[PDB]
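As structure tokens, the structure follows; a few thoughts come after it.
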Amino acid sequence: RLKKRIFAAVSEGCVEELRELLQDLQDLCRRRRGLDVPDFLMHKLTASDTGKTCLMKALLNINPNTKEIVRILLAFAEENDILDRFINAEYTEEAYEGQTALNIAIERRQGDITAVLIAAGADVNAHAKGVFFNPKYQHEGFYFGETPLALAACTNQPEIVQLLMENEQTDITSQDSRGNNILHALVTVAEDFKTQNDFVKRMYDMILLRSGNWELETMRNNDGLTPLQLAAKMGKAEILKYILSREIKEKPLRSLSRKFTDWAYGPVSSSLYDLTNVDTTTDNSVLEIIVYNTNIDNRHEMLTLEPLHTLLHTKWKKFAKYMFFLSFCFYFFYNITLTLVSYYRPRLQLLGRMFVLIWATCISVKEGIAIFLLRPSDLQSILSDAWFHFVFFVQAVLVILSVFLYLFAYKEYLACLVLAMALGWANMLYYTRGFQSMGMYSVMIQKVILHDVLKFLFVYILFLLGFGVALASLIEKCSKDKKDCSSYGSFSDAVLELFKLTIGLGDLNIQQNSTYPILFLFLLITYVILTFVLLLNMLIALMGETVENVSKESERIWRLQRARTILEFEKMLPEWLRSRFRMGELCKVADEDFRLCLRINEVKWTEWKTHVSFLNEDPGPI
Amino acid sequence: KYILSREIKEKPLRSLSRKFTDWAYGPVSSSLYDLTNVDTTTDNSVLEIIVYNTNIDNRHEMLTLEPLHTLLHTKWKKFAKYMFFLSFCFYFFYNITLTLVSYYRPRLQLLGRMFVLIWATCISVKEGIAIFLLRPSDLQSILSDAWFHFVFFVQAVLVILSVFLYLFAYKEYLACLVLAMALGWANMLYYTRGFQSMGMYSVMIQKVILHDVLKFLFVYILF
Amino acid sequence: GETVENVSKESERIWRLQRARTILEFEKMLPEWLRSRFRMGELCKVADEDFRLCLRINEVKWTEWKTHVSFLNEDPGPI
Ligand SMILES: CCCCCCCC/C=C/CCCCCCCC(=O)O[C@@H](COC(=O)CCCCCCCCCCCCCCC)COP(=O)([O-])OCC[N+](C)(C)C
Ligand SMILES: CCCCCCCCCCCC(=O)OC[C@H](COP(=O)(O)OCC[N+](C)(C)C)OC(=O)CCCCCCCCCCC
């Protein structure tokens with residue numbers, strides 16, 4: 001019953017009252033035998049229900065006289081000899097299991113009381129496991145990293161980070177319950193420049209350089225993700241751009257950079273980019289992760305970074321350009337051979353029928369595998385990346401069951417064959433990816449069909465069928481001979497007549513066997529006003545707005561899907577021919593370091609600095 | 001905007017604020033907004049006043065303030081989404097039943113005729129009340145907020161007097177029935193409000209018809 | 001085309017306004033027992049003696065970085 005008065009007094013901030021209550025409590029220690037005076041006292045200062053001690057309650061409430069309160073409480077704990085048992089207490093409920101007083105001092109931005117808590121012997125490995133510090137959804141939880149160094153780095157306070165770093169007791173590479181060390185946590189909380197500043201990038205290089213090794217940046221997450229592949233798997237374009245081209249111009253720490261300058265005579269400079277884990281030589285590279293990431297929208301703005309851009313171009317210069325053209329020739333000849341053995345039906349050099357069957361089996365099997373790997377169960381993905389997978393599969397299986405209907409059951413085998421023919425030529429539209437002009441034209445067809453043509457077809461079909469049934473139900477009996485001026489006779493006949501007025505074909509004839517010629521003209525002219533005037537011209541206007549919006553960012557979407565075909569061609573040719581085409585070369589980067597880097601030359605006429613850190617004193621290619 | 005989210009961070013005057021912060025650990029923070037007189041629990045709340053204010057043009061820029069935005073979304077998550085879809089199904093089936101007992105005229109399971117009559121009476125009465133409360137005497141208001149009230153009323157009363165002409169006087173009862181059929185399908189265009197894409201497409205049809213198609217029809221009819 | 005370009009900046013707001021009109025018209029149509037079933041907020045101890053029945057909105061701000069006083073609950077999280 002005394003502890004409640006202690007907690008109140010320490011929350012309000014009354015210094016003298018605290019002194020008197022602690023004195024009364026020490027007298028309670030005297031005037032009693034008990035079992036263990038420091039233990040019983042620790043039980044008095046602790047709120048057993050939550051584990052919250054008097055010190056943590058002193059720090060949750062900022063109480064402008066709170067520094068004295070911490071000093072008095074630490075002095076009392078020193079009198080009764082329980083300083084470690086006191087200052088290293090945690091919570092004990094599922095919500096905040098692990099939070100210690102150092103954690104509360106670091107996130108309250110108390111740069112003073114935290115030094116007093118460290119010097120008094122805190123635990124710089126807190127590991128606030130909890131379920132609020134490790135949540136399920138985004139809100140109602142933080143996930144700073146489960147460590148006082150991770151919290152001090154994720155709340156943007158470098159002074160406390162420096163205080164934690166230059167300590168012999170801190171464990172800089174302690175992975176938490178997710179597998180994340182400090183650097184996975186920093187690339188987890190990172191956002192863009194407009195939401196937060198660039199403080200996470202600055203704290204990233206601060207922690208990296210101040211430790212100094214590759215050990216911290218090759219640790220494996222619990223998902224097998226280096227802190228680089230994590231930045232690529234969740235689409236942190238800013239901290240990823242920083243990592244991929246990171247140069248340290250200091251002699252002792254030159255080794256842990258990813259971009260070295262070779263010669264740089266005047267303005268001209270040839271800088272080579274480390275390519276170790278950003279090329280598809282191993283499992284889960286950064287190209288494969290960025291290209292095959294059907295879970296983010298930051299892709300086409302992450303393929304423009306320096307190593308990945310020159311990497312994908314070198315691939316569409318060595319082998320991918322020719323495998324693409326070769327695939328186009330094979331599909332073109334398969335389509336022609338399909339449309340000549342189907343248009344020249346009856347009523348040597350006719351092996352084309354079994355050729356079509358062979359390549360239909362090939363395409364069907366291959367595309368079925370691709371669909372099983374793409375996993376299109378997630379919504380919108382089928383229209384997102386695997387539309388042409390699905391379409392190539394449909395057309396190939398259509399040719400299949402048109403052969404397993406022609407001979408096996410002898411039925412109507414023309415519906416499948418003719419559908420397969422028309423679908424084949426639409427797939428040639430797929431093969432426009434190879435050209436920039438003709439290939440980012442085919443990426444506004446997709447945006448325009450989705451946004452504008454679908455909404456127009458919905459409203460137009462409503463009017464077509466509404467006025468079709470109204471006009472049709474206005475016409476009396478067929479005729480005196482069952483067939484005369486019955487253009488708008490039945491439903492489907494009136495719907496066809498209205499469709500032909502929209503296309504502009506035929507001849508408008510209003511002299512119908514109608515009971516009301518005026519009402520007929522009113523409904524028919526209203527239909528003309530609603531579609532020929534409003535809906536079709538409004539389609540052109542909205543389609544102009546869509547083209548204007550998606551013309552700023554259509555080259556990037558095109559380059560992204562061209563990159564998907566490049567990557568799919570790469571993992572298709574054998575390892576001897578694969579080894580024939582490699583991107584970079586082994587270069588002596590440090591005392592003993594071979595990195596197999598790319599090489600990119602550039603010209604800069606603005607900085608004009610004296611050149612040190614060159615990798616080669618004599619310039620030029622030799 | 002200032003009043004609805006007004007926080008006083010001082011201990012003696014903390015009481016007269018309308019937005020309190022609960023926990024706010026690091027960056028994350030859970031602030032709760034006082035909702036006393038901005039929710040439609042009483043008479044003349046702030047939602048009812050802002051939404052039913054056919055006298056100002058600042059409305060759609062006042063519904064984006066913090067309590068009112070999350071308030072209207074919570075309503076179109078608990079009950080309004082399903083009452084809307086349910087109303088759309090009832091009107092769709094009333095239209096089909098109207099267009100099958102009118103296209104399959106002569107020369108069990110035909111209670112559809114009295115169903116149409118019943119729901120025509122319902123819609124006519126209800127929409128007539130809504131028009132008397134909307135008070136469309138002020139200019140441009142009928143095109144502003146009660147266009148679909150007027151159109152639903154016209155179509156329902158058309159079906160009415162096409163029944164009170166078919167049997168009571170035995171006259172030309174097809175002009176009313178057929179006009180009512182075509183008007184019914186235009187009212188389905190009303191029911192596009194439920195979706196963002198398809199529903200703010202139907203709000204450029206309104207702006208385009210008013211500004212561009214009317215002026216064009218005037219000059220074109222002259223020529 | 002000129003009209004579409006002008007009213008495309010402010011068409012989501014007009015739409016949300018008329019969707020709000022149907023929401024409000026559906027509200028004042030269902031009975032008070034079913035109405036009481038759906039309430040937006042909850043009674044929360046705001047002051048010494050003040051129940052306000054407030055909403056609740058979470059947010060994330062990475063710029064201000066101030067020491068936190070005036071919190072309504074010292075221990076964080078939903079509990
Ligand atoms: C600006 C405009 C834009 C276009 C707007 C188009 C709007 C649509 C316009 C359509 C109107 C066209 C005329 C329809 C009626 C014709 C008569 C007829 O055949 O009736 C038959 C049905 O016929 C059909 O069902 C038609 C064919 C299928 C529907 C049309 C394609 C669907 C859209 C595809 C979209 C694919 C998209 C791409 C997908 C990858 C029934 O006849 P019956 O009663 O059995 O006859 C009995 C007596 N007899 C047997 C002696 C005969
Ligand atoms: C999504 C698809 C878009 C494309 C259009 C497809 C359909 C085209 C027409 C096919 C007609 C057909 O074939 O049958 C239509 C059938 C029977 O027709 P029938 O009266 O016997 O006339 C046959 C005449 N012959 C023999 C000369 C061919 O129903 C009807 O008459 C019922 C009409 C009223 C109900 C439908 C109203 C719809 C309103 C709008 C809802 C959104």
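Following the order of the structure tokens, chains are lettered A, B, ..., residues in each are numbered from 1, and ligands are numbered from 1.
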
Would you list which chain C residues are within 12 Å of chain A using only C-alpha atoms, as number ranges by chain? C: 1-9, 56-79

Please produce a file of those selected residues containing C-alpha atoms, as a short mmCIF file (atom, residue, chain, number, x, y, z; two decimals), in the first residue's frame.
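Saved file part-v8.cif follows:
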```cif
data_model
loop_
_atom_site.label_atom_id
_atom_site.label_comp_id
_atom_site.auth_asym_id
_atom_site.auth_seq_id
_atom_site.Cartn_x
_atom_site.Cartn_y
_atom_site.Cartn_z
CA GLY C 1 -11.21 17.44 -73.76
CA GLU C 2 -10.79 20.78 -72.01
CA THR C 3 -13.69 20.02 -69.65
CA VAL C 4 -12.34 16.57 -68.79
CA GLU C 5 -8.94 18.09 -67.99
CA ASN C 6 -10.49 20.70 -65.69
CA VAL C 7 -12.85 18.42 -63.74
CA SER C 8 -10.40 15.52 -63.39
CA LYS C 9 -8.54 17.22 -60.54
CA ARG C 56 -9.44 6.90 -33.03
CA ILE C 57 -6.88 7.54 -35.77
CA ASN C 58 -3.30 6.28 -35.90
CA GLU C 59 -0.52 8.01 -37.81
CA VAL C 60 3.24 7.98 -38.36
CA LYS C 61 5.39 11.12 -38.46
CA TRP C 62 9.13 10.99 -39.11
CA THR C 63 9.98 14.70 -38.98
CA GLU C 64 9.12 16.47 -35.72
CA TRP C 65 10.92 14.27 -33.17
CA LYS C 66 9.77 15.84 -29.90
CA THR C 67 9.76 14.49 -26.37
CA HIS C 68 6.29 13.13 -25.67
CA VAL C 69 4.18 14.72 -22.96
CA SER C 70 0.38 15.08 -22.80
CA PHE C 71 -0.06 11.40 -23.64
CA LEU C 72 -3.34 9.94 -22.42
CA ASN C 73 -1.76 6.57 -21.57
CA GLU C 74 1.84 6.01 -20.51
CA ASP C 75 2.01 2.40 -21.64
CA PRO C 76 1.52 2.20 -25.42
CA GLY C 77 -0.30 -0.17 -27.71
CA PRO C 78 -3.88 -1.44 -27.88
CA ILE C 79 -4.88 -2.94 -24.54
#
```

Env. residues ligand 1 / 6 Å / only C-alpha atoms and all ligand atoms / as a list in words: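 Those within range of ligand 1 are residues 461, 492, 495, 496, 499 and 502 of chain A.
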
Quick one: write out the picked residues with C-alpha atoms as a short mmCIF file (atom, residue, chain, number, x, y, z; two decimals), in the first residue's frame?
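Just written: result_11.cif:
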```cif
data_model
loop_
_atom_site.label_atom_id
_atom_site.label_comp_id
_atom_site.auth_asym_id
_atom_site.auth_seq_id
_atom_site.Cartn_x
_atom_site.Cartn_y
_atom_site.Cartn_z
CA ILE A 461 -24.03 -1.89 -73.31
CA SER A 492 -32.02 -9.14 -80.90
CA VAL A 495 -30.19 -4.53 -80.77
CA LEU A 496 -28.50 -5.26 -84.09
CA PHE A 499 -25.41 -1.43 -83.14
CA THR A 502 -23.32 3.33 -83.85
#
```

Looking at only C-alpha atoms, which of A:523, A:239, A:287, A:163 is the one that sits closest to chain B?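 Ranked by minimum distance to chain B, first place goes to A:523.
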
Distance criterion (only C-alpha atoms and all ligand atoms): nearest to ligand 2 out of A:171, A:123, A:497, A:279: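 Smallest separation from ligand 2 among the options: A:497.
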
List all protein, DNA and RNA residues that have any atom at most 10 Å from ligand 2, counting only C-alpha atoms and all ligand atoms, and write the list as a PyMOL selection string. (chain A and resi 457-470+472-473+487-496+499) or (chain B and resi 92+95-104+181-182+184-185+188)

10 Å contact set for region 172-175 of chain A, only C-alpha atoms, chain neighbours under 2 positions out, as a PyMOL selection string: chain A and resi 124-125+127+145-147+149-150+164-165+167-170+177-185+207-208+211+215-217+219-222

Which residues, written as a PyMOL selection string, have at least one atom at most 12 Å from residue 21 (chain C), with only C-alpha atoms counted and residues fewer than 2 positions away on the same chain left out? (chain B and resi 47-54+59-60+63+72+75-76+80+84+145-146+193-194) or (chain C and resi 14-19+23-28)

Mind writing the picked residues with N, CA, C and O atoms as a CSV table (one decimal), in the first residue's frame?
```csv
chain,number,residue,atom,x,y,z
B,47,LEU,N,-21.9,16.5,-39.7
B,47,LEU,CA,-22.1,15.8,-41.0
B,47,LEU,C,-23.4,16.2,-41.7
B,47,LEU,O,-23.4,16.5,-42.9
B,48,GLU,N,-24.5,16.2,-41.0
B,48,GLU,CA,-25.8,16.5,-41.6
B,48,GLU,C,-25.8,17.9,-42.2
B,48,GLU,O,-26.3,18.1,-43.2
B,49,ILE,N,-25.1,18.8,-41.4
B,49,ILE,CA,-25.1,20.2,-41.9
B,49,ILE,C,-24.2,20.4,-43.1
B,49,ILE,O,-24.5,21.1,-44.0
B,50,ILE,N,-23.0,19.7,-43.2
B,50,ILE,CA,-22.1,19.8,-44.3
B,50,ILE,C,-22.7,19.1,-45.5
B,50,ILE,O,-22.5,19.6,-46.6
B,51,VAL,N,-23.2,17.9,-45.3
B,51,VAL,CA,-23.7,17.1,-46.5
B,51,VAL,C,-25.0,17.7,-47.1
B,51,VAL,O,-25.1,17.8,-48.3
B,52,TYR,N,-25.9,18.1,-46.2
B,52,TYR,CA,-27.2,18.6,-46.7
B,52,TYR,C,-27.2,20.1,-46.9
B,52,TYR,O,-28.2,20.7,-46.8
B,53,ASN,N,-26.0,20.7,-47.2
B,53,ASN,CA,-25.9,22.1,-47.4
B,53,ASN,C,-25.9,22.4,-48.9
B,53,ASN,O,-24.9,22.6,-49.5
B,54,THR,N,-27.1,22.6,-49.4
B,54,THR,CA,-27.3,23.0,-50.8
B,54,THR,C,-27.3,24.5,-50.9
B,54,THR,O,-28.2,25.1,-51.6
B,59,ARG,N,-18.3,22.2,-50.1
B,59,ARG,CA,-18.6,21.0,-49.4
B,59,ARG,C,-17.5,19.9,-49.5
B,59,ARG,O,-17.0,19.4,-48.6
B,60,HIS,N,-17.3,19.5,-50.8
B,60,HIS,CA,-16.3,18.4,-51.0
B,60,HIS,C,-14.9,18.7,-50.5
B,60,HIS,O,-14.1,17.8,-50.5
B,63,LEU,N,-15.3,17.8,-46.5
B,63,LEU,CA,-15.5,16.4,-46.1
B,63,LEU,C,-14.1,15.7,-46.0
B,63,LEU,O,-14.1,14.5,-45.7
B,72,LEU,N,-17.1,8.8,-42.3
B,72,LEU,CA,-17.9,8.4,-43.5
B,72,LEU,C,-17.3,7.0,-44.0
B,72,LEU,O,-18.1,6.2,-44.5
B,75,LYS,N,-18.8,4.3,-41.8
B,75,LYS,CA,-20.1,4.0,-42.2
B,75,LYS,C,-20.2,3.2,-43.5
B,75,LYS,O,-21.0,2.2,-43.5
B,76,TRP,N,-19.5,3.6,-44.5
B,76,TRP,CA,-19.4,2.7,-45.7
B,76,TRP,C,-18.4,1.6,-45.4
B,76,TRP,O,-17.6,1.3,-46.3
B,80,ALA,N,-23.6,0.7,-44.6
B,80,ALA,CA,-24.1,1.4,-45.8
B,80,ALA,C,-23.7,0.6,-47.1
B,80,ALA,O,-24.4,0.7,-48.0
B,84,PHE,N,-26.6,-0.5,-49.7
B,84,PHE,CA,-26.6,0.0,-51.0
B,84,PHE,C,-26.7,-1.2,-52.0
B,84,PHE,O,-27.5,-1.1,-52.9
B,145,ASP,N,-28.7,18.3,-56.5
B,145,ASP,CA,-28.7,17.2,-55.6
B,145,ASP,C,-29.9,16.2,-55.8
B,145,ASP,O,-29.8,15.1,-55.3
B,146,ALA,N,-31.0,16.7,-56.4
B,146,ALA,CA,-32.2,15.9,-56.5
B,146,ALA,C,-32.6,15.5,-57.9
B,146,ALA,O,-33.7,15.4,-58.2
B,193,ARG,N,-22.7,4.8,-58.0
B,193,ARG,CA,-22.0,5.5,-56.9
B,193,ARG,C,-21.2,4.6,-56.1
B,193,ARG,O,-20.2,5.1,-55.4
B,194,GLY,N,-21.5,3.3,-56.0
B,194,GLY,CA,-20.8,2.4,-55.1
B,194,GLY,C,-19.3,2.2,-55.3
B,194,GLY,O,-18.6,1.7,-54.4
C,14,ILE,N,-16.1,15.3,-55.6
C,14,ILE,CA,-17.5,15.3,-55.8
C,14,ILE,C,-18.1,14.0,-55.7
C,14,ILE,O,-19.3,13.8,-55.2
C,15,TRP,N,-17.5,12.9,-56.1
C,15,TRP,CA,-18.0,11.6,-56.0
C,15,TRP,C,-18.2,11.2,-54.5
C,15,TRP,O,-19.2,10.7,-54.1
C,16,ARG,N,-17.1,11.5,-53.7
C,16,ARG,CA,-17.2,11.1,-52.3
C,16,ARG,C,-18.3,11.9,-51.6
C,16,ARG,O,-18.8,11.5,-50.6
C,17,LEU,N,-18.6,13.1,-52.2
C,17,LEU,CA,-19.7,13.9,-51.6
C,17,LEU,C,-21.0,13.3,-51.8
C,17,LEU,O,-21.9,13.3,-50.9
C,18,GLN,N,-21.3,12.8,-53.0
C,18,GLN,CA,-22.6,12.2,-53.3
C,18,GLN,C,-22.7,10.8,-52.7
C,18,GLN,O,-23.8,10.4,-52.3
C,19,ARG,N,-21.6,10.1,-52.6
C,19,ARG,CA,-21.6,8.8,-51.8
C,19,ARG,C,-21.9,9.1,-50.4
C,19,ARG,O,-22.6,8.3,-49.7
C,23,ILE,N,-25.0,7.6,-47.9
C,23,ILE,CA,-24.7,7.0,-46.6
C,23,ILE,C,-25.6,7.7,-45.6
C,23,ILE,O,-26.2,7.0,-44.7
C,24,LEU,N,-25.6,9.0,-45.6
C,24,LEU,CA,-26.4,9.7,-44.6
C,24,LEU,C,-27.9,9.4,-44.8
C,24,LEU,O,-28.7,9.4,-43.8
C,25,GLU,N,-28.4,9.2,-46.0
C,25,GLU,CA,-29.8,8.9,-46.2
C,25,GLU,C,-30.1,7.5,-45.8
C,25,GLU,O,-31.3,7.2,-45.5
C,26,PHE,N,-29.1,6.6,-45.8
C,26,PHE,CA,-29.4,5.2,-45.3
C,26,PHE,C,-29.3,5.2,-43.8
C,26,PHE,O,-30.0,4.4,-43.2
C,27,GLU,N,-28.5,6.0,-43.2
C,27,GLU,CA,-28.5,6.1,-41.7
C,27,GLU,C,-29.8,6.4,-41.1
C,27,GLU,O,-30.4,5.7,-40.3
C,28,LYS,N,-30.4,7.5,-41.6
C,28,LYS,CA,-31.7,7.9,-41.0
C,28,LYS,C,-32.8,7.1,-41.7
C,28,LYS,O,-33.8,7.7,-42.1
```

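Restricting the calculation to only C-alpha atoms, the smallest distance between chain B and any of A:604, A:451, A:33, A:552 is found for A:451.
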
Counting only C-alpha atoms, which residues from chain B have an atom at most 9 Å from any atom of chain A, and could you show them as number ranges by chain? B: 25-30, 99, 102-105, 107, 174-175, 178-179, 181-186, 188-189, 197-198, 201, 204-205, 208-209, 213

Using the selection just defined, write its residues with N, CA, C and O atoms as a short mmCIF file (atom, residue, chain, number, x, y, z; two decimals), in the first residue's frame.
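Wrote it out as part.cif, contents follow:
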```cif
data_model
loop_
_atom_site.label_atom_id
_atom_site.label_comp_id
_atom_site.auth_asym_id
_atom_site.auth_seq_id
_atom_site.Cartn_x
_atom_site.Cartn_y
_atom_site.Cartn_z
N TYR B 25 4.39 6.09 -29.18
CA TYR B 25 5.67 5.56 -28.72
C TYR B 25 6.87 6.22 -29.38
O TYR B 25 7.65 6.90 -28.72
N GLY B 26 7.02 6.05 -30.69
CA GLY B 26 8.12 6.65 -31.40
C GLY B 26 7.61 7.62 -32.43
O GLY B 26 7.11 8.70 -32.12
N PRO B 27 7.74 7.25 -33.71
CA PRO B 27 6.95 7.94 -34.73
C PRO B 27 5.48 7.62 -34.63
O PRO B 27 4.64 8.52 -34.74
N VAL B 28 5.13 6.35 -34.42
CA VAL B 28 3.73 5.95 -34.39
C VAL B 28 3.01 6.64 -33.25
O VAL B 28 3.57 6.84 -32.17
N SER B 29 1.76 7.03 -33.49
CA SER B 29 0.97 7.73 -32.49
C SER B 29 -0.50 7.50 -32.77
O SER B 29 -0.93 7.60 -33.92
N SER B 30 -1.26 7.23 -31.73
CA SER B 30 -2.68 6.96 -31.84
C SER B 30 -3.44 8.09 -31.17
O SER B 30 -3.59 8.11 -29.95
N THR B 99 -39.65 -5.16 -67.47
CA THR B 99 -39.35 -5.27 -68.89
C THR B 99 -39.65 -6.65 -69.46
O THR B 99 -39.54 -6.83 -70.67
N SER B 102 -43.67 -6.46 -70.02
CA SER B 102 -43.99 -5.46 -71.02
C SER B 102 -43.51 -5.83 -72.41
O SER B 102 -44.06 -5.32 -73.39
N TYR B 103 -42.50 -6.68 -72.53
CA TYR B 103 -42.05 -7.17 -73.82
C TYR B 103 -42.73 -8.47 -74.20
O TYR B 103 -42.81 -8.78 -75.40
N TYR B 104 -43.22 -9.23 -73.23
CA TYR B 104 -43.94 -10.48 -73.46
C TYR B 104 -45.44 -10.30 -73.25
O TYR B 104 -46.10 -11.18 -72.71
N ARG B 105 -45.98 -9.15 -73.64
CA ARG B 105 -47.41 -8.89 -73.55
C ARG B 105 -48.21 -9.99 -74.23
O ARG B 105 -47.68 -10.69 -75.10
N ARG B 107 -50.56 -10.95 -77.06
CA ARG B 107 -50.90 -10.37 -78.35
C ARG B 107 -50.36 -8.95 -78.51
O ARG B 107 -49.74 -8.63 -79.52
N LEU B 174 -49.15 2.10 -73.86
CA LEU B 174 -47.79 1.69 -74.18
C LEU B 174 -46.80 2.84 -74.15
O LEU B 174 -45.62 2.62 -73.88
N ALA B 175 -47.25 4.06 -74.44
CA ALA B 175 -46.34 5.19 -74.33
C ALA B 175 -45.77 5.32 -72.93
O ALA B 175 -44.55 5.47 -72.78
N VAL B 178 -43.48 2.05 -72.01
CA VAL B 178 -42.20 1.98 -72.70
C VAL B 178 -41.28 3.11 -72.26
O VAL B 178 -40.07 2.90 -72.07
N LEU B 179 -41.81 4.32 -72.08
CA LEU B 179 -41.01 5.39 -71.50
C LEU B 179 -40.47 4.98 -70.14
O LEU B 179 -39.31 5.25 -69.82
N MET B 181 -39.80 1.98 -69.10
CA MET B 181 -38.76 0.97 -69.24
C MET B 181 -37.40 1.59 -69.55
O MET B 181 -36.41 1.32 -68.85
N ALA B 182 -37.33 2.44 -70.58
CA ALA B 182 -36.07 3.09 -70.92
C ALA B 182 -35.54 3.95 -69.78
O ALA B 182 -34.33 3.92 -69.50
N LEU B 183 -36.41 4.70 -69.12
CA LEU B 183 -35.98 5.49 -67.97
C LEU B 183 -35.41 4.62 -66.87
O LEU B 183 -34.45 5.02 -66.20
N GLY B 184 -35.96 3.42 -66.67
CA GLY B 184 -35.44 2.54 -65.64
C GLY B 184 -33.97 2.22 -65.82
O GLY B 184 -33.20 2.21 -64.86
N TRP B 185 -33.56 1.98 -67.06
CA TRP B 185 -32.16 1.59 -67.25
C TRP B 185 -31.21 2.77 -67.07
O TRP B 185 -30.09 2.60 -66.56
N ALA B 186 -31.64 3.98 -67.43
CA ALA B 186 -30.84 5.15 -67.06
C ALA B 186 -30.65 5.25 -65.54
O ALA B 186 -29.58 5.66 -65.06
N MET B 188 -30.27 2.82 -63.54
CA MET B 188 -29.14 1.97 -63.15
C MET B 188 -27.84 2.75 -63.18
O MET B 188 -26.97 2.55 -62.30
N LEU B 189 -27.69 3.67 -64.13
CA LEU B 189 -26.53 4.56 -64.08
C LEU B 189 -26.42 5.29 -62.76
O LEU B 189 -25.31 5.58 -62.31
N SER B 197 -13.95 3.95 -59.30
CA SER B 197 -13.67 4.09 -60.72
C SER B 197 -14.95 4.33 -61.51
O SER B 197 -15.12 5.39 -62.13
N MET B 198 -15.85 3.36 -61.50
CA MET B 198 -17.09 3.43 -62.25
C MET B 198 -18.01 4.52 -61.76
O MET B 198 -18.99 4.84 -62.44
N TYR B 201 -16.48 8.08 -62.89
CA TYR B 201 -16.69 8.21 -64.33
C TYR B 201 -18.03 8.84 -64.62
O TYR B 201 -18.15 9.69 -65.51
N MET B 204 -18.19 12.76 -64.63
CA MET B 204 -17.81 13.54 -65.79
C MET B 204 -18.86 13.50 -66.87
O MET B 204 -18.93 14.42 -67.69
N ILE B 205 -19.70 12.47 -66.90
CA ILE B 205 -20.84 12.47 -67.80
C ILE B 205 -21.75 13.65 -67.49
O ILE B 205 -22.29 14.30 -68.39
N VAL B 208 -19.86 17.00 -68.47
CA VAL B 208 -19.75 17.10 -69.92
C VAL B 208 -21.11 17.37 -70.56
O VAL B 208 -21.20 18.18 -71.48
N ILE B 209 -22.17 16.72 -70.09
CA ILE B 209 -23.50 17.00 -70.64
C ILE B 209 -23.88 18.45 -70.41
O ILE B 209 -24.42 19.11 -71.30
N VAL B 213 -22.36 19.38 -74.31
CA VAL B 213 -23.33 18.77 -75.21
C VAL B 213 -24.54 19.67 -75.40
O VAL B 213 -25.18 19.66 -76.46
#
```

DSSP says strand (DSSP E) for which residues of region 354-601 of chain A? Put them as a PDB file with C-alpha atoms, in the first residue's frame?
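Result file follows (states.pdb):
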```pdb
ATOM      1  CA  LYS A 588      42.656  -6.197 -58.140  1.00  0.00           C
ATOM      2  CA  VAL A 589      40.566  -4.020 -55.839  1.00  0.00           C
ATOM      3  CA  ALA A 590      42.551  -4.184 -52.579  1.00  0.00           C
ATOM      4  CA  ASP A 593      40.273  -8.742 -53.012  1.00  0.00           C
ATOM      5  CA  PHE A 594      38.923  -9.900 -56.382  1.00  0.00           C
ATOM      6  CA  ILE A 600      31.229   2.550 -66.498  1.00  0.00           C
ATOM      7  CA  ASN A 601      32.888   5.679 -67.879  1.00  0.00           C
TER       8      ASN A 601
END
```

Compare B:164, B:150, B:94, B:195 by their minimum atom-to-atom distance to chain C, counting only C-alpha atoms, and give me the closest one.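 That would be B:195, the residue with the smallest distance to chain C.
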
Once DSSP has gone over the backbone, tell me which residues of region 337-512 of chain A are in alpha helix (DSSP H), as a VMD selection string. chain A and resid 337 to 343 352 to 374 381 to 384 387 to 406 414 to 430 436 to 441 444 to 448 454 to 472 491 to 503
